[PDB]
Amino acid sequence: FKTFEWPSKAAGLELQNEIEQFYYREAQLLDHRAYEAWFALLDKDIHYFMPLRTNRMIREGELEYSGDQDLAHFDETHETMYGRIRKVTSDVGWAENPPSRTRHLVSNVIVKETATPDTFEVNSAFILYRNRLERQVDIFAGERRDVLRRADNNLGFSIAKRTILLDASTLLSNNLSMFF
C-alpha cells in the first residue's frame, strides 16, 4: 500500500460533489444505525478488507501490512457481511445492545476513474468516533480505498470493494463492533 495514485487532472466539480455526498449519506446511515439500508449498498461481489498493520524498521517497510493469505481485522464477502448485519440488528447481540453512538467524519476525498465506465477508485480520510455505554470512547483514524459503481438507489453508488487502512498496530479498542 503506497501513496494513492491520484490522477493529474482532478475529477470534475460535479463528480467530486456526487462522491462526497455519497459518503456523507453513508455516514448518516451508519451513525443512525440504519444497518439494512447500509448493507443494501454492498455489491454481491464486495471485498471488505482491513489488514493488520505492524511496526517495521525502514529496511523492512514492505512488511508493514498483512497480506492476502494472512490474518486481518476484517476480510469479508457479501455472505459474511450479512451474518454481521444479522448479529448487529439482533436483540441478543450484546456488543451493540445497547448500541454505540458513532460519528464518521469524512474528508480528503480524492476521485479516480477506472478502465470501466461508471466505476470509480476513491481515496478518503476519516475519523471514527465511537462512544459506548456510560464512559467508553474509542477513536479511530485511517483511510479508505473504495471501488464504487454508479447505482439506481437513494445514494447514487454501490460499494464494489473497500479496504480500510487503520492508523493503529495494536487495537486500542476492546472490539471493532462498528462498520467502517
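Residue positions are given as counts along the sequence shown, with the first one as 1. Only the largest set of C-alpha atoms that superpose within 1.5 Å between the two forms is called the rigid core.
*Asks:* Relative to the presented form, and with the rigid core used for superposition, do the C-alpha atoms of 161-169 or of 5-13 deviate more in 8 other deposited structures of this protein?
*Replies:* After superposing on the rigid core, the more displaced stretch in 8 other deposited structures of this protein is 5-13.
*Asks:* May I ask you to compare 171-179 and 1-9 by their mean CA B factor in the entry and name the higher one?
*Replies:* Comparing averages over the C-alpha atoms only gives 1-9.
*Asks:* On average, which has the higher Cα B-factor in the deposited entry, 39-47 or 136-144?
*Replies:* The stretch with the larger mean CA B-factor is 39-47.
*Asks:* When the CA B-factors of 150, 53, 32, 56 are compared as recorded in the entry, which is the largest?
*Replies:* That would be 150.
*Asks:* Sort 78, 104, 101, 73 by C-alpha B-factor from the entry and give me just the highest.
*Replies:* So the option with the highest C-alpha B-factor is 78.
*Asks:* Select lowest, middle or highest to describe the third in which the CA B-factor of residue 131 falls within its chain in this entry.
*Replies:* Answer is lowest: the recorded C-alpha B-factor places it there.
*Asks:* How does residue 19 rank on Cα B-factor within its chain, lowest, middle or highest third?
*Replies:* Within its chain, residue 19 is a middle-third residue by C-alpha B-factor, going by the deposited values.
*Asks:* Looking at the C-alpha B-factor of residue 115, is it in the lowest, middle or highest third of its chain?
*Replies:* Top third by C-alpha B-factor.
*Asks:* Of the three thirds of its chain by CA temperature factor, lowest, middle or highest, which one includes residue 63?
*Replies:* For residue 63, whose C-alpha B-factor we compare with every modelled residue in the chain, the answer is the middle third.
*Asks:* Should residue 122 be placed in the lowest, middle or highest third of its chain by the C-alpha B factor in the entry?
*Replies:* As the PDB entry reports it, the C-alpha B-factor of residue 122 lands in the middle third of its chain.
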